């Protein structure tokens, strides 16, 4: 429906890419509860849209998201905490984060929840939760550490210091850096490529990669094998291999 905090729209060839834009410039995209609710709606919608194969999440040019909404948490109590934030992780289709500008606190964690992260030349990542007398509460101490290593993760989480796009890429937090002006376009091109592939196979691949963080290498490889065997129960695997053998373009039907 008519969204208050986000702007959605389909893009790329055949409009196969679902674009979600955080639109709360006043608050530098502070992830207030309302914005989160709309974001989850947009994600669910694009997830159920058969023409969409990949989603691109972005914010403004100055800020992807400055964090969660302090104003909204300010008066919460411990007990409140014990009486929605990671719905993006339940989405089966790939989600690419096009990070331009600030991606701090909850904003940084939201980007890390995405499968792939592309950063604009002037993006900035950080977990300033410590400066607010709290710690990251949406995977900031988990996903950051796993991607960047203990030393840098400890430095960022304990001081609240920010790192550049170049630092993030070097550390493995993000895989590409693009000029501010073309960042979103480039992320859409990548989303396109992914959308071109079979949707069912892409979902299986994404699930396999994610498993790398939930089990031992041994069990991860076993799960990957089971999923690999599964692709053989699909038409697109048959079509993909035949196309290869027949040296012709493959025609995937997401089935």
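Residue numbers count along the first chain shown, from 1.
(message) According to the entry, how many residues of the deposited sequence fall between residue 83 and residue 84 and are not modelled? Options: none, 1 to 3, 4 to 9, 10 or more.
(response) Unresolved stretch here: 4 to 9 residues.
(request) With reference to the PDB entry, specify whether the mean Cα temperature factor is higher for 13-21 or for 233-241. (result) Here the higher of the two C-alpha B-factor means belongs to 13-21.
(message) Which is higher on mean Cα B factor in this entry, 215-223 or 60-68?
(response) Comparing averages over the C-alpha atoms only gives 60-68.
(message) Out of 30, 42, 194, 203, whose C-alpha atom has the biggest B factor in the entry?
(response) Of 30, 42, 194, 203, 30 has the highest C-alpha B-factor.
(request) Sort the modelled residues of this chain by their C-alpha B factor and say whether residue 101 lands in the lowest, middle or highest third. (result) Middle third.
(message) Looking at the temperature factor on the CA atom of residue 146, which third of the chain's modelled residues does it land in?
(response) Its C-alpha B-factor, which the entry lists for residue 146, ranks in the lowest third among residues of this chain.
(message) Can you tell me whether residue 120 has a C-alpha B-factor in the lowest, middle or highest third compared with the other modelled residues of the same chain?
(response) Middle third of the chain for residue 120's C-alpha B-factor.
(request) Please place residue 36 in the lowest, middle or highest third of its chain by C-alpha B factor as given in the entry. (result) Answer is highest: the recorded C-alpha B-factor places it there.
(request) Using the B-factor values recorded in the entry, state whether the Cα atom of residue 173 falls in the lowest, middle or highest third among the modelled residues of its chain. (result) Answer is lowest: the recorded C-alpha B-factor places it there.
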